Structures are given as structure tokens and as C-alpha cells.
Amino acid sequence: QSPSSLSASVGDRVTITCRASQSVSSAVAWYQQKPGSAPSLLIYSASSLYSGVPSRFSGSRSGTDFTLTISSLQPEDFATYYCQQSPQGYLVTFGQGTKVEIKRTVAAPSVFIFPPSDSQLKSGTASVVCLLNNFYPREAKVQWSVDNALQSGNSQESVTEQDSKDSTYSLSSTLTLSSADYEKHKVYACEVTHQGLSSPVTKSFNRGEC
Amino acid sequence: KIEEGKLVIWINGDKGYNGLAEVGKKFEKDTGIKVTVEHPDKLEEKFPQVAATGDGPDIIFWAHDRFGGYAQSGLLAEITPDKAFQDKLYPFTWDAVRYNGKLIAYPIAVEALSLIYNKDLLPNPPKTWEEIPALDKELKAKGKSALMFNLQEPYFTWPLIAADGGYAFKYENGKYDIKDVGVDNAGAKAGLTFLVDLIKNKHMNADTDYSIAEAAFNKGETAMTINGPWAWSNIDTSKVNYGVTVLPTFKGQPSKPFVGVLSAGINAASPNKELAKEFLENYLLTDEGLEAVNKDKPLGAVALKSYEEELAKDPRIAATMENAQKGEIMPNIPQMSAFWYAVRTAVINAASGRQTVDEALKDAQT
Amino acid sequence: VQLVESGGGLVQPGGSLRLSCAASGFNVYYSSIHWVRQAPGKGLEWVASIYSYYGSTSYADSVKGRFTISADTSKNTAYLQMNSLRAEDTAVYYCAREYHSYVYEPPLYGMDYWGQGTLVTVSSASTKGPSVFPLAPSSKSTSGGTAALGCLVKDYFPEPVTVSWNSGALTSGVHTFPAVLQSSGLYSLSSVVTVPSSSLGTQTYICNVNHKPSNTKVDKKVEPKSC
């Protein structure tokens, strides 16, 4: 499953509750995973700190509830955290991930639209790309309009991780059409709604113009 | 590369290592030999790595079954206790520290499963397994239950299965016979049949594991459980008025739980074997030495007769030793892996109702 | 103390793949060896475990009957035999060690050591290099401001591709998006970079798209429109 998100600042206290552990009252382990690396064990048996883990990590149990607490977030702590339980002793289940992300000031995206290239059109397909660059928070809505007809289901989006420098996100929205369908319409627009925009921003081009 | 003229001791962090450090203090004050007690993480996995290259501690404390592989690799020196010293320990504890006809460790402590019961719900615990169905009926009318214990693992279910004749490997004169297995005999069939009947008659749930059974007993929802001395601290916090007694009999025969023996081995690469022998025999394995360790963290039942008789004033400890003496030393041979698979498979297949008891046992071998 | 994995790669639905987890620094016989997989952008999913000392093997419901876990004690290596594979089995597969002290214990200590992971892709697609199309900067770029350009990397299999700009000389402002699995079974992604508008006519911007699985390397120059 796609991991949940939690935005925080350096120095904040964060407490994550294990959702998969509501099954049974067995032992609970916590893990930290960074992009492109294997997870690392933080805590076992609900509250035992694994050897070498900083003491700002702690785990607790209060009845059927198991939590992981970071007393004061450090820069190296922004990552994804998983809890692990053992419902029947032989079975093992990992909870949904909780990604701790870096809080920063709201940044509106700068929007760019790219028509399909001539080379791709000659191969029979048209991909139209809407770029939302360096924005925060991640939440944003992209609406495609083709001759003012609202589109749905013919585009896919992809988001980067938080930039290492400015902690912003970038998002591509790619609308895919056949060459024949693409040539049947003129105006192509993506309308962007975001917290940093006082009103939606639209970037558009007319097919075959300059 | 082990330093000569001193003793380095490894014992697990769940043992009374500060109490053991006091025995080392007395040894240093009397002999001038410095003793250093350490509790390194996963010492039983670090030992074969360092001892293979002539390193490691002089003395290592661990469960007896792991020492079989150590002696297999030649990592443990043969110990030399005379007849008078061996008479101070119960004779069956020496069976746990024997490998190919050689003593390779000193028995320290003795652990085994016992019948744990709620004194308020049940002032008189049952003496037989056959009583438990009728007892569960009287408790289920009160919203309670009779017995809940870990049905998922063969360590917890074997005591009943072995009661009427089941056995792992035929034990002769300190040698296990890997060809004579007693999982598919009339004794084992009767025990598993009674276990499956408890589940089919709704006296026990086939899904109960270690954690479910421990939570139910510590919250007072069930009158009995089956566990070892390691579980007592969780019940002490629960404030349940509990007792520990002999396991119920089946067909008039005692339950036969496996026996674990905390053992102290001497590194084969150690240049201080005589000092290690002097420390273990004349300071630790005494009433005074074991009490120092026990005061720090209780050992449970011990192999030293004189100090066990003192500890047995605690009826929980006396029950532990009683069940252990009625049980069997857990075999320290690699063939136990196949034994565990057979027992675990036969129980899960028969308890779920997919196979009969006879089919479940014969299919676990093939 | 290490866990080294091997045996991953490409496979078709219904096919078979055998993964290996070679351990050193400890004896797998006295531990539980787990397989844990992670689909792209998703969380961990437990697959199977083996605890040879206690004669036990376990399987998640989603793979029970199709996968078989085993171990070779003499080689200190565990194996995951995956049969009847499906597209949903595509993931990075890890092996991990769960420690145990005593035979009576329930699971307590979690997974302290993890392998590096190996990617298993289950698909009917054949290995194919990408087509690279230019994302050309707007001729109406911000006068004295910032322009964006990029490359569309379309219709390749399998993952991954690497994208650089001017052979690694241009790194600032580069964003390479995660690939998406299209309904055709081929992957696609784009890589964009923002630059000052005044550099659009002078500085050259070439994206270096490398697809090692197909031995394909495409250098595509990105320049403004044709009018």
C-alpha cells in the first residue's frame, strides 16, 4: 500500500501509532527506510531500543496500542517508518508506511506545458506534458481541457521526492492521445490548483501554431 | 590470544551477571585472579566465530542444546569433575552436558514447563487431563475458561503427546538413537487424540498461540495456562493470584516436558582451564555462589541439590524441578529439526480437522 | 555479518525464479530467515520464513502454494523458489534475519540484518530500449527569467533508465520523475531542468538517456521550436 504522509520540522516531536498492530497483542518492531536502501531496525518488543539507535527514538505500549516516538526530529530522521507485528507467531505483517517529510513555507508551482514532438507524432502517438515545478505542499490538482472539454482518465502523473536543497516537489502530468485524436483538436490546456495560487493557473497552446 | 592468568566470562544479559560479578570479586580477593564478567549481545552467535580462531571468553554460559554444536566443532574443553562433585548435582542434569560420551559443561540451572493456575478461580488445580473438559464446562457457564496455552508450537504441545509413550529419540547410555523415533506410536496417538478432542469439543481454540494465552491468563479470563519460569514476571505485574504446580497426568502417566539446562562451558582455546575449573566448582557451584546470582536475577530451579532444596521452599520452584524430573532432557543433536517438523505438522493438520490423528502423524514423517 | 542476495531479474507470468540469500557472520540454522518484498512506491510485504533449528517454514497467504522457501545449511544459504509468478509479484525482494534466543520464545527481536535487495519484474514484455522525445522550452519564455525543458523517455522495458544532462555537467535544477508502468506494459518517464531564458539560444542542452538492460544509450539534443 502507498505510505501515509506526515509533515514536520527539525526539533518537532513525532508519535506514530501502529495501525496493523490492532490485530493482536504480540510483540511490535519498528523500522526506518530511506529511498533506495533496505530498512533498518529501530525498536523490538514494543519498547526495546535496538543496539546503536539514538535515544531520541522510543516505543511504547498502552493496552492494544503501540506507538513510536521521536522526541526531537533531526535532519537524518526524515524517512519512512514501518511497524511489524506477528499475529499468529508464524505469520508476519507490516503496517502501512508513514513517511515523515520536511515542512517548509508554501511555494506556488511554476507551470509549463509541452506539445508532443514531431518525431513522436510521426510514430502515431501524442504525449502532452504539464510540468508543475518546485512547489509545496505536495497537494495539487491538474485539470486537462481539450477545446474546453474536461478530460478524465487519459493522463498519468508522477511526483518527485522532496528536493534535497529547497524541500519542494515537482510533478509531471502526461496526457496521452493517438495522433489522429490529437489532430482533431486545437486548444490544449492544463489548469493547476494549488494552495500557493490565489486562483487556478492555466497554461495552454494551440495545436500547430508557433 | 586469550589472556593467561585471568578469567573472562560470558553470560546472557537476562541472567544475574552482576550477581555473578560478585562471585568473581570473591574469587579475585581469594586467589588474586581477576575475573571479568561480560554479557555481550548474542554471545552464543559470537562464541563460535571468535573461539574458532583461538579467541573468546574462558567460560561461556548458555542453554545446553547449543553446546552440542560447539563440541561438534571442538570449541569446548572436556571438564574433569570428580565423583564427589558430580554427586552434588542431580544425576539427570549431567545428561544434558554430555556429547559423545564426554562431559563438556557444568549444569547450572533447570527450566521446564509447569501448570500455572489462578488460585481464585481454581483453589485446587486438576491432577489429570481427563478432568479438564468437565472443569471447562463449569467455567464456561461463568464466562471463563479452563485452560489456554500455546497450541501453535510443538514445545508446548509435546508434554501431553509424550505422556502415554511418545518420545523424540530413544535415549540409552548417553547416546541418542536417531533411528528409533517415537512420534508415531500408540502413546503419541492417544495424546494427540485427547488434544484434538479438546479442540473439537470447544474446550480450546486451535488458533491460541503464546501471546493470546498469556494475555487471557494475566487478565483473569482463563483459569490455567502452561508456561515456564520465564513468564512469571509478566504475571507478577498482572497482580493475578497465581500458583505453579505439577502438570496434569494423562492415562495415569505424567506429562513429559522438555528440560533446558543452563550450562557453563570452558573454551577449548583457553589457557586457564584449571582456574576455570576452580572458579566453577569451588565458588559458583556452591550455595553461596548460586545465591549471589539468584539474588540478582532468580535462576529458577538449580542443579545443585543443597541449594535447590532451599529454593524449593518456593512451591513454584519445586513444581519446576518436579516437572523437569518427570520430563526429558531436550536432545542436543541436529536431528531435532526433523522431530520438530513432524510434531508441529501433525498437530496443525489434526487440530484443523483436515486429517485424522493417524493420518496426521504418518504424513508428518513422509 | 552480511546477507548477499542474487537470482533476481526478468520473468514471464507463469514462470519460475529462484532467489538466494547467502549469509556470513552467523549460522542461518539457528535463526529465522525472512523474505520481504516491496513493490515500486509501496510498503513492505512479508513473503515467507524458515527456522531450520525449529523445523518450521511459513508463507503469506498471497504466495502460499506458489512459493517454496528452503535452506542449505552447509552453504549457509537460504532460497526462495517462486513458481506461477504474476505481475503483482513484481517488487524488490529482500532477505532478512530474525534472531531467536530460546526454543520456547515467541517472535520478539524483529529483523536486525537485511540484504541489499534484488529486483524481480514479472511481465510478458520483452526487453526493449526507449524512444527519447524532446520537451522543448517555450518560445514565450519569461523574458530575463526561467525556462524549462526536458526529455520524454517512452516505451522501454525493464526498469531502470538513467538520465543525465550534458554528460553530468548540468545538475542544478534537474528533476527526473519516477517511471510509470503504462497499460501497454512498457515504462515511461520524463526528465526536466530549468535554466535562464537568455541561455536558450547559446548553451546546448543534451539529455543522456542510458538503458543498460537493452544496451541502449541515446543522446538527444533539446532545442526550441521550429518557427
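Method of structure determination, per the deposited record: X-ray crystallography was used for this entry, reaching 2.1500 Å resolution.

Undergrad: Explain the overall build of chain A to me, please; I cannot follow it from the model alone.
TA: A count of helical and extended segments in chain A gives two helices and 18 strands. Taken over the C-alpha trace, chain A has a radius of gyration of 23 Å; the compact-globule value for 210 residues is 17 Å, which it surpasses by more than 25%. Expressed along its principal axes, the backbone C-alpha trace of chain A runs to roughly 65 × 40 × 25 Å. Contacts spanning at least 24 positions in sequence make up 58% of the contacts within chain A whose residues lie at least 6 apart.

Undergrad: Please explain the domain arrangement of chain C as it appears in this structure.
TA: Note: interface size is frequently given as the accessible area lost on complex formation between the parts. All names here are of chain C. By the assigned domains, chain C splits into domain 1 (1-124) and domain 2 (125-227). For domain 1 and domain 2, the distance between their C-alpha centres works out to 37 Å. Taken over both partners, the interface formed by domain 1 and domain 2 buries close to 440 Å², and the fraction arising from carbon and sulfur atoms is 61%. It is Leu10, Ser123 and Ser124 that lose the most area in domain 1 upon contact with domain 2, and together they represent 68% of the buried surface on that side. In this structure, the connection of domain 1 to domain 2 is made through one residue pair in polar contact. A class-by-class count of the residues in the side of domain 1 that touches domain 2 yields two nonpolar, three polar and no charged.

Undergrad: Honestly, the interface of chain C and chain B in this entry has me stumped. Any pointers?
TA: Counting residues at the interface gives 19 residues for chain C, matched by 23 residues for chain B. Taking both sides of the interface into account, the surface hidden between chain C and chain B amounts to around 1800 Å²; carbon and sulfur atoms contribute 53%. On the chain C side of the contact with chain B, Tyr54, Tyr102 and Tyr104 of chain C bury the most area, a combined 38% of that side's loss. Where chain C meets chain B, there are two salt bridges. Measuring nitrogen to oxygen at the nearest pair gives 2.9 Å for the salt bridge that ties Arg97 of chain C to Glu45 of chain B. Between the two partners, chain C and chain B, sit twelve residue pairs in polar contact. Looking at the side of chain C that touches chain B residue by residue, the classes come out as ten nonpolar, seven polar and two charged.

Undergrad: Even after reading the chapter, I still don't get the state of the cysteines, so can you show me in this structure?
TA: Among covalent bonds in proteins, the disulfide is the one between the sulfur atoms of two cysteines. Residue and element names in this part refer to chain A. This model, assessed by the stated rule, comprises five disulfides over all chains. A sulfur-sulfur distance of 2.0 Å marks the disulfide that ties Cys18 to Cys83. When the S-S torsion is 75°, as for the bridge of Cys18 with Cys83, the disulfide is right-handed. Separated by 65 residues along the polypeptide, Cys18 in the loop between β2 (14-17) and β3 (29-33) and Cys83 in strand β8 (residues 80-85) bring together distant segments of the chain. Grouping residues by exposure puts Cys18 and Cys83 together as buried.

Undergrad: What is the right way to look at the sheet that holds β2 of chain A in this model?
TA: Whether parallel or antiparallel, the strands of a sheet pair through hydrogen bonds between backbone atoms. Residue and element names in this part refer to chain A. Pairing in this open sheet of three strands is antiparallel, and the strands run β2-β7-β6 from one edge to the other. Strands with a single pairing partner mark the edges of an open sheet, and in this sheet they are β2 and β6 (57-62). Sheet twist, expressed as the mean angle between neighbouring strand axes with direction ignored, is 25°.

Undergrad: I tried to follow the interface of chain C and chain A on my own but got confused; where do I start?
TA: Taken together, the contact pairs 43 residues of chain C with 45 residues of chain A. Taking both partners together, chain C and chain A bury about 3500 Å²; carbon and sulfur atoms supply 64% of that area. Taken as a group, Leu44, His175 and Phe177 of chain C account for 17% of the area that chain C buries against chain A, more than any other trio of residues on that side. Across the contact surface, chain C and chain A share zero salt bridges. In this assembly, chain C and chain A are joined by nine residue pairs in polar contact. Here the element with the most residues in the side of chain C that touches chain A is strand β13 (residues 146-156) of chain C; it accounts for five residues.

Undergrad: When you look at the domain arrangement of chain A in this model, what are you seeing that I'm missing?
TA: Residues and elements named next belong to chain A. Considered domain by domain, chain A is made up of domain 1 (1-104) and domain 2 (105-210). A separation of 36 Å is found between the C-alpha centroids of domain 1 and domain 2. Together domain 1 and domain 2 conceal approximately 770 Å² of surface at their shared face, both sides included; 33% is due to carbon and sulfur atoms. Counting the surface domain 1 buries against domain 2, the share from its top three residues, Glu101, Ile102 and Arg104, is 77%. For the interface between domain 1 and domain 2, the tally reads two salt bridges. Note that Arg138 and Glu101 form a salt bridge whose closest N and O atoms lie 3.3 Å from each other.

Undergrad: Any chance you could explain the pattern of salt bridges here in plain terms?
TA: A side chain with one charge can pair with a side chain of the opposite charge if their charged atoms come near. Enumeration according to the criterion identifies 27 salt bridges over all chains in this entry. Between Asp314 of chain B and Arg316 of chain B there is a salt bridge; the shortest N-O distance is 2.8 Å. The class of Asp314 of chain B is partly exposed, set by a relative accessible area of 23%. Residue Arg37 of chain C pairs with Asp89 of chain C through a salt bridge whose shortest N-O separation is 2.8 Å. Of this pair, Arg37 of chain C sits in strand β4 (residues 32-38) while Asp89 of chain C sits in the loop between β8 (77-82) and β9 (91-98), and the two are 52 residues apart along the sequence.

Undergrad: Explanation requested: the packing of aromatic side chains in the structure shown.
TA: The geometry of an aromatic ring pair is captured by two quantities: the separation of the ring centres and the angle between the planes. All chains considered together, the criterion is met by 42 aromatic pairs over all chains. The interplanar angle of 50° and the centroid separation of 5.4 Å between the aromatic rings of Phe194 of chain B and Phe250 of chain B together place this pair among those described as tilted. On the criterion of sequence distance, the pair formed by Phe194 of chain B in helix α7 (residues 186-200) and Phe250 of chain B in the loop between β12 (242-245) and β13 (258-266) is long-range, its members being 56 residues apart. Exposure class is identical for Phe194 of chain B and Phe250 of chain B. Each is buried. Through pairs of rings, three or more aromatic residues link up here, namely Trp158, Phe169, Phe258, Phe339 and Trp340 of chain B together with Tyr29, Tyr30, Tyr51, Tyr53 and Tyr54 of chain C. Across the ring face of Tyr167 of chain B, the terminal group of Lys170 of chain B is positioned such that the distance to the ring centre comes to 4.9 Å. Stacked on the ring of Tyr79 of chain C, the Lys or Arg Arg18 of chain C has its end atom at 4.1 Å from the ring centre.

Undergrad: Quick question: what am I supposed to make of helix α3 (residues 64-72) of chain B here?
TA: Because each turn of an α-helix spans 3.6 residues, side chains separated by three or four positions in sequence point in the same direction. Residues and elements named next belong to chain B. Of all nine residues in α3, seven are buried; the element is thus mostly enclosed. Taken residue by residue, α3 has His64, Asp65, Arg66, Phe67, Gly68, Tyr70 and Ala71 as its buried positions. Looking at the buried positions of α3, the neighbouring elements they touch are α2 (43-51), β3 (59-63), β4 (98-99), β13 and β15 (328-329). Immediately beyond the C-terminal end of α3, within one or two residues, lies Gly74, with a positive phi of roughly 70°.

Undergrad: Any chance you could explain the nonpolar core here in plain terms?
TA: Core analysis: the biggest nonpolar cluster contains 136 residues, and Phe61, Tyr106, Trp129, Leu192, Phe279 and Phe339 of chain B have the highest contact counts within it. Examining the composition of this core, we find that nine residues originate from one element, helix α14 (residues 336-351) of chain B, more than from any other.

Undergrad: Before we go on, may I ask you to explain the pairing of strand β1 (residues 7-10) of chain B in this structure?
TA: Residue and element names in this part refer to chain B. Covered by surrounding structure in β1 are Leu7 and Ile9 together with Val8 and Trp10, the residues of both alternating faces. Here β1 runs beside strand β2 (residues 35-38); their pairing, made up of four bridges, is parallel. Residue pairing for β2: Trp10 is matched across the bridge by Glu38. A crossover connection joins β1 to the parallel β2 through helix α1 (residues 17-31); in handedness this β-α-β unit is right-handed. Relative to β3, β1 runs parallel, the two being bridged by two bridges. Paired with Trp10 across the two strands is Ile60, which belongs to β3.

Undergrad: Just checking my understanding: could you explain the side chain of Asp77 of chain A for this structure?
TA: All names here are of chain A. Among the secondary structure elements, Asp77 is positioned in the loop between β7 (65-70) and β8. Here the side chain of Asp77 touches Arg56 through a polar contact of 2.8 Å, side chain to side chain. If we ignore the near neighbours within four places in the chain, the residues touching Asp77 are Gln32, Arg56, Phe57, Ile70 and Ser72.

How each quantity is defined
Residues numbered from 1 in each chain as written, not as in the entry; some residues may be left out. Chains lettered and ligands numbered in written order. Heavy atoms only, no water. Residues with missing side-chain atoms left out of burial classes, pairs and counts. Helix = DSSP H or I, 4+ residues; strand = E, 2+ residues; numbered from the N terminus. Rg over C-alpha atoms; globule rule 2.2 N^0.38 Å. Contact = heavy atoms within 4.5 Å. Domains from an automatic or database assignment. Buried area = accessible area lost by both parts, 1.4 Å probe. Polar contact = N/O pair within 3.5 Å; in protein donor to acceptor, adjacent residues only side chain to side chain. Nonpolar A, V, L, I, M, F, W, Y, C, P; charged D, E, K, R; others polar. Salt bridge = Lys/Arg side-chain N within 4 Å of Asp/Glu carboxyl O. Disulfide = S-S within 2.5 Å. Buried < 20%, exposed > 50% of the residue type's maximum accessible area, 1.4 Å probe, protein only. Pairing = 2+ DSSP bridges. Axes fitted to C-alpha atoms, helices over the stretch in contact; angles between N-to-C directions. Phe/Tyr/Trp six-rings, centres within 6.5 Å; stacked < 30°, edge-to-face > 60°. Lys NZ or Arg CZ within 6 Å of the ring centre and 35° of its normal. Core = buried A, V, L, I, M, F, W, Y, C linked by side-chain atoms within 4.5 Å. Right-handed = clockwise from strand over helix to strand, strands pointing away.

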